[PDB]
Each structure stands twice: as C-alpha cells, then as structure tokens.
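A short write-up of the structure that comes next.
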Amino acid sequence: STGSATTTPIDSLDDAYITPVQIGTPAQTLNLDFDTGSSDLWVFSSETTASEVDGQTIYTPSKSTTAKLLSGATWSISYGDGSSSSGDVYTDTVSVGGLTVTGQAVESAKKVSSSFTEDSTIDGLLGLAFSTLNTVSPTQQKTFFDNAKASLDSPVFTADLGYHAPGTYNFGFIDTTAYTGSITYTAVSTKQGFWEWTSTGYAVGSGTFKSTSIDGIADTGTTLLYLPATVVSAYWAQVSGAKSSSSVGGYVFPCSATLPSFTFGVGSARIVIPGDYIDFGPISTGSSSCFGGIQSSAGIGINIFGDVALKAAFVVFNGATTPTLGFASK
C-alpha cells in the first residue's frame, strides 16, 4: 500500500503545515501538523476543555462506530517551545492520503496550552519520530508510520514541503518526479528517538564551504533552522544591520535587506536554502525589523533542521531496519 496527501502552509510565513487526516467511521477529517520531531498523534476533541477550543475542528469519538476507549491510558506531552497538551486515548481507524491504519492510538486532548488554543488552523499533531518517544502510559503506543510500515510497498515516507505553497507527504514510495538529481542518503541515530543525523558542513551565500560535523534532527514540526551559535553568527554577519535581540528572542534584521542563501552539507552533496526562505517578516505588524529564519540552538540542547531547511529539499525518511535520511534538491 501507499498514501499521498497534500500539506498546506497555515499562513503567509509558512509557520507550520497542515495535512488532512481521516479519523473514525464515518470519517471525521481533521487538519494535523505532521511532526517528525514527536511521536504522538493527538487531536482536539469533544473532551477538550471548552474554553481551550477556539475554532479548531474536533474529533468526537462517540460519533465513530470504530472508536474504542483504550482503557486506563493517558498521555501528556511538552514541546520545545514550551507548549503542551494531555488527555486520554482511543483506538480508531486513521487514514492519510488513501493509506489506512486500523487500531491507531488517537490521543484525545482534555487540556491544551494557550499557543494551541490560539492556533485555530491546527486540529492536532501527527507524530512521525520513533515510537520510543510516544508518551502514552502505561502502555506505550506506536506512530501512524510504525503501524503502517509492514503494509507499505517500501518502509519509507517523504516530506516535500513548499515555500509559500502546498507540498506533499507520501507514504510507502519515492516519487522520482518530485526531485532533481540524486538522493543522498546519510546515517541516522535513533538513540534519542529522533531522525538524528550529521550534516557535513555549511556555506553562507557564495562563500566557501566549511567542512564541519553538525549533529541535528530533521524536524518537520519546527518552523526554523536552529544551529550552533558559531554558524548562526557567521550567517548573520553577512547581513548589514542584523543583530541578536534579547527582547525579541533571536536574530533580527532590517526588512530592507536582501538575505544571502545558506547551504548545508549532506555527505558530499549540498542543499541550498534561498535567502528568501530565511525571511520571517516584521517582528510586529508594521515594524521595519524582520525576524530571521536561522537562529541559535544554544540552550535548546540540540540542532534542529526545521522547515526552513527541509522545505529546500525532497526528504526521505527511510524506516528500514537500519533507518536513514535522504536529501535531494528539487
């Protein structure tokens, strides 16, 4: 089997991407944030504290003939930005782009933090990291991908995110029309539960490539590119007027600037992020100070190849016995 679904930016900055997911019988379609940096599939639901719902589409298990309470199971998760959610668990039929899993753990939110409430376009998250990070207690649950894997033509999914445009998540096959040149595959460590890999270096604009190992995760659920302070400083030093602002919470730059590209290494191959991808616009409406899409990972504890990086590539998440990551230009 295979699946194929379109993923769509939630706003004009590509702050996140939503993908329609069918849950239950008859289908209830929710728009979920596919997140390769977490491993819980959770949704706004009929159980979510009413004051914490503001425009989201909710899953109502009582209206699904295939929903069953997973008795005793609870979940609770915190994300890198400080947001959080928690609740209980149902199993139900979940389909993505024509690909169906029966008995998928659907984690129903009783509580969500304010930043989730405030994002009316995101109805939940669908985790695509390794199932070892799944937060369901006392019986840990598997991701949609883990459950689907044995049924897939090939044990892979691919992320093809658009710049200010829709893209595609495919399951079970590699679309050879979706990228240019070859896919370069690189080793993955699953030791922390993430799609963790080592970039071979970087360049700023038309500058010389610096060979240097950068350990990080491929995370579709993170908006920006977070790299070591040395690297980030070298990038923003090429933008007149750019500075790190403690009050804003990162690097800002004059909105009148033309940003240089940023290149990262995948083995001997190179992925180029165009300068425009690194512009996240005015820090506040009408400001001439703009927020940068490359930020320091210092104090995160890990480097994150988020959407800013991933949307410049066709990315293969290879879930074979020995997992790997593939990157191609597109």
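Ligands are numbered from 1 in the order shown, residues from 1 within each chain, and chains are lettered A, B, ... in the order they appear in the structure tokens.
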Nearby residues (only C-alpha atoms) at most 6 Å from residue 273 (chain A), same-chain spacing under 4 positions excluded, as a PyMOL selection string: chain A and resi 261-263+312
Save the residues we just selected, C-alpha atoms, as a PDB file, in the first residue's frame?
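Below is the file that was written, again08.pdb:
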```pdb
ATOM      1  CA  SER A 261      21.430  31.854   0.825  1.00  0.00           C
ATOM      2  CA  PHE A 262      22.549  29.188   3.304  1.00  0.00           C
ATOM      3  CA  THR A 263      23.984  25.859   2.158  1.00  0.00           C
ATOM      4  CA  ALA A 312      14.549  23.404   0.346  1.00  0.00           C
TER       5      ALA A 312
END
```
All strand (DSSP E or B) residues (DSSP, backbone) inside region 117-216 of chain A, as a PyMOL selection string:
chain A and resi 124-127+137+156-160+167-171+184-187+189+196-204+210-216
Secondary structure check, alpha helix (DSSP H) residues of region 119-185 of chain A, as a PyMOL selection string: chain A and resi 144-148
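Among the candidate residues A:119, A:67, A:22, A:100, the one lying nearest to residue 83 (chain A) is A:119, with distances computed using only C-alpha atoms.
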Counting only C-alpha atoms, which residues in region 165-225 of chain A sit no more than 9 Å from region 38-41 of chain A? For each one, give the nearest pair of atoms and the distance in Å, sorted by chain then residue number, as CSV.
```
residue,atom,partner,partner_atom,distance
A:193,CA,A:38,CA,8.4
A:194,CA,A:38,CA,7.7
A:219,CA,A:38,CA,8.4
A:221,CA,A:38,CA,8.0
```
For the residues in that selection, give me N, CA and C atoms as a PDB file, in the first residue's frame.
```
ATOM      1  N   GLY A 193      15.457   8.860  19.911  1.00  0.00           N
ATOM      2  CA  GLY A 193      14.102   8.763  19.396  1.00  0.00           C
ATOM      3  C   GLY A 193      13.796   9.643  18.205  1.00  0.00           C
ATOM      4  N   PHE A 194      14.790  10.403  17.748  1.00  0.00           N
ATOM      5  CA  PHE A 194      14.615  11.352  16.643  1.00  0.00           C
ATOM      6  C   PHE A 194      15.251  10.864  15.343  1.00  0.00           C
ATOM      7  N   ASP A 219      13.216  17.812  11.604  1.00  0.00           N
ATOM      8  CA  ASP A 219      12.001  18.057  12.363  1.00  0.00           C
ATOM      9  C   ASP A 219      10.997  18.917  11.587  1.00  0.00           C
ATOM     10  N   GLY A 221       8.104  19.564  12.381  1.00  0.00           N
ATOM     11  CA  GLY A 221       7.249  20.260  13.320  1.00  0.00           C
ATOM     12  C   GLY A 221       7.838  21.532  13.907  1.00  0.00           C
TER      13      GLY A 221
END
```
Give me the region 205-299 of chain A side of the contact with region 182-186 of chain A, cut-off 12 Å, one line per residue showing its nearest atom pair and distance in Å at one decimal, counting only C-alpha atoms, sorted by chain and residue number, as JSON lines.
```
{"residue": "A:215", "atom": "CA", "partner": "A:186", "partner_atom": "CA", "distance": 11.8}
{"residue": "A:218", "atom": "CA", "partner": "A:186", "partner_atom": "CA", "distance": 11.8}
{"residue": "A:265", "atom": "CA", "partner": "A:184", "partner_atom": "CA", "distance": 10.2}
{"residue": "A:266", "atom": "CA", "partner": "A:184", "partner_atom": "CA", "distance": 6.8}
{"residue": "A:267", "atom": "CA", "partner": "A:186", "partner_atom": "CA", "distance": 6.6}
{"residue": "A:268", "atom": "CA", "partner": "A:184", "partner_atom": "CA", "distance": 8.2}
{"residue": "A:269", "atom": "CA", "partner": "A:184", "partner_atom": "CA", "distance": 6.7}
{"residue": "A:270", "atom": "CA", "partner": "A:184", "partner_atom": "CA", "distance": 9.3}
{"residue": "A:271", "atom": "CA", "partner": "A:184", "partner_atom": "CA", "distance": 10.3}
```
Can I get the selection written as a compact mmCIF listing (two decimals), in the first residue's frame, with N, CA, C and O atoms?
```
# COMPACT_ATOMS: atom_id res chain seq x y z
N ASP A 215 25.66 17.75 14.21
CA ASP A 215 24.65 16.80 14.66
C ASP A 215 23.30 17.51 14.84
O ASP A 215 23.24 18.55 15.49
N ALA A 218 16.04 16.11 11.89
CA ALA A 218 15.12 16.52 10.86
C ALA A 218 13.74 16.58 11.46
O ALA A 218 13.15 15.55 11.76
N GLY A 265 25.51 20.77 4.18
CA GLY A 265 26.04 19.56 3.58
C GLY A 265 25.31 18.29 3.98
O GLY A 265 24.94 18.10 5.15
N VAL A 266 25.08 17.42 2.99
CA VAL A 266 24.57 16.07 3.21
C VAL A 266 25.59 15.17 2.54
O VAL A 266 25.60 15.05 1.31
N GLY A 267 26.46 14.56 3.35
CA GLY A 267 27.58 13.84 2.80
C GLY A 267 28.31 14.78 1.86
O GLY A 267 28.60 15.92 2.22
N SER A 268 28.59 14.31 0.64
CA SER A 268 29.28 15.14 -0.34
C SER A 268 28.33 16.08 -1.10
O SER A 268 28.76 16.92 -1.90
N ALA A 269 27.03 15.96 -0.83
CA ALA A 269 26.04 16.77 -1.54
C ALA A 269 25.75 18.05 -0.77
O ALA A 269 26.15 18.20 0.38
N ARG A 270 25.04 18.96 -1.42
CA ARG A 270 24.79 20.30 -0.87
C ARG A 270 23.34 20.66 -1.09
O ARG A 270 22.83 20.48 -2.20
N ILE A 271 22.67 21.14 -0.05
CA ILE A 271 21.32 21.68 -0.17
C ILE A 271 21.39 23.17 0.04
O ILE A 271 21.91 23.63 1.07
```
Any idea what's packed within 12 Å of residue 296 (chain A), counting only C-alpha atoms, ignoring anything in its chain fewer than 2 positions away? Could you give it as a short mmCIF file (atom, residue, chain, number, x, y, z; two decimals) with N, CA and C atoms, in the first residue's frame?
```
data_model
loop_
_atom_site.label_atom_id
_atom_site.label_comp_id
_atom_site.auth_asym_id
_atom_site.auth_seq_id
_atom_site.Cartn_x
_atom_site.Cartn_y
_atom_site.Cartn_z
N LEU A 224 11.75 26.86 12.19
CA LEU A 224 13.01 27.47 11.79
C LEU A 224 14.19 26.51 11.80
N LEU A 225 15.33 27.02 11.38
CA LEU A 225 16.61 26.29 11.36
C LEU A 225 17.46 26.74 12.56
N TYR A 226 17.74 25.82 13.47
CA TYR A 226 18.48 26.13 14.70
C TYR A 226 19.82 25.44 14.66
N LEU A 227 20.88 26.24 14.69
CA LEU A 227 22.24 25.74 14.50
C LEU A 227 23.17 26.34 15.55
N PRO A 228 24.40 25.81 15.65
CA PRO A 228 25.32 26.32 16.68
C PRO A 228 25.57 27.82 16.54
N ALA A 229 25.84 28.47 17.66
CA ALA A 229 25.98 29.92 17.68
C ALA A 229 27.06 30.40 16.72
N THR A 230 28.13 29.61 16.57
CA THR A 230 29.21 29.99 15.65
C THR A 230 28.71 30.13 14.21
N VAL A 231 27.94 29.15 13.78
CA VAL A 231 27.41 29.07 12.42
C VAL A 231 26.43 30.21 12.17
N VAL A 232 25.54 30.40 13.14
CA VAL A 232 24.50 31.41 13.02
C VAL A 232 25.09 32.82 13.01
N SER A 233 26.11 33.04 13.83
CA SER A 233 26.84 34.32 13.83
C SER A 233 27.50 34.57 12.47
N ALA A 234 28.11 33.53 11.90
CA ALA A 234 28.76 33.67 10.58
C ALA A 234 27.74 34.04 9.50
N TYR A 235 26.52 33.51 9.62
CA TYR A 235 25.47 33.82 8.64
C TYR A 235 25.04 35.28 8.80
N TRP A 236 24.68 35.69 10.01
CA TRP A 236 24.05 36.99 10.17
C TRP A 236 25.08 38.12 10.04
N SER A 244 21.46 40.11 17.22
CA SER A 244 20.70 39.27 18.14
C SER A 244 20.03 40.16 19.17
N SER A 245 18.71 40.03 19.27
CA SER A 245 17.91 40.84 20.17
C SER A 245 17.37 39.98 21.30
N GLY A 249 14.04 37.82 21.12
CA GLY A 249 14.26 36.40 21.32
C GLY A 249 15.02 35.73 20.19
N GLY A 250 15.88 36.50 19.53
CA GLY A 250 16.71 35.95 18.47
C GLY A 250 17.24 36.99 17.51
N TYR A 251 17.86 36.52 16.44
CA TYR A 251 18.34 37.39 15.39
C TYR A 251 17.22 38.06 14.61
N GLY A 292 14.62 36.61 11.73
CA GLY A 292 15.42 35.66 10.96
C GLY A 292 14.97 34.21 11.06
N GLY A 293 15.14 33.47 9.97
CA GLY A 293 14.76 32.07 9.94
C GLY A 293 15.84 31.09 10.34
N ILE A 294 17.03 31.62 10.60
CA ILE A 294 18.17 30.86 11.13
C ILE A 294 18.46 31.43 12.49
N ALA A 298 21.71 27.30 20.83
CA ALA A 298 22.35 27.28 22.14
C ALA A 298 21.25 27.32 23.21
N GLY A 299 21.33 26.45 24.20
CA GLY A 299 20.27 26.43 25.19
C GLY A 299 19.02 25.65 24.79
N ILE A 300 18.94 25.18 23.55
CA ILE A 300 17.96 24.15 23.16
C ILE A 300 18.51 22.79 23.53
N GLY A 301 19.80 22.61 23.29
CA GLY A 301 20.47 21.36 23.58
C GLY A 301 20.63 20.47 22.38
N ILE A 302 20.05 20.87 21.26
CA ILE A 302 20.15 20.09 20.04
C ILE A 302 19.98 21.01 18.84
N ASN A 303 20.61 20.67 17.72
CA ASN A 303 20.42 21.43 16.49
C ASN A 303 19.19 20.88 15.78
N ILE A 304 18.42 21.78 15.17
CA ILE A 304 17.14 21.39 14.55
C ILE A 304 17.08 21.87 13.12
N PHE A 305 17.09 20.91 12.20
CA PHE A 305 16.78 21.14 10.81
C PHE A 305 15.25 21.15 10.65
#
```
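Comparing the minimum interatomic distances between residue 80 (chain A) and each of A:315, A:223, A:95, A:326, counting only C-alpha atoms, we find that A:223 sits nearest.
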Within 12 Å of residue 323 (chain A), counting only C-alpha atoms, which residues qualify if same-chain residues fewer than 3 places away don't, as a count of residues only?
23
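Among the candidates A:7, A:158, A:91, A:211, the residue lying nearest to residue 176 (chain A) is A:158 (atoms considered: only C-alpha atoms).
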Point to revise | Residue neighbourhood residue 113 (chain A), 12 Å, only C-alpha atoms, exclusion window fewer than 6 positions, as a PyMOL selection string | key: chain A and resi 44+48-49+51-54+76-79+81-86+119
* To do: Give me the residues within 9 Å of region 28-33 of chain A as a count of residues only, counting only C-alpha atoms and dropping any in the same chain fewer than 2 places off.
  => 32
**Item:** Residues within 8 Å of residue 172 (chain A), only C-alpha atoms, excluding chain neighbours under 3 positions, as a ChimeraX atom specification
**Value:** /A:1-3,149,152-157
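Nearest-residue note for residue 258 (chain A): choosing from A:278, A:310, A:136, A:70, the minimum distance belongs to A:278, counting only C-alpha atoms.
Straight-line separation from CA of residue 11 (chain A) to CA of residue 109 (chain A): 23.9 Å.
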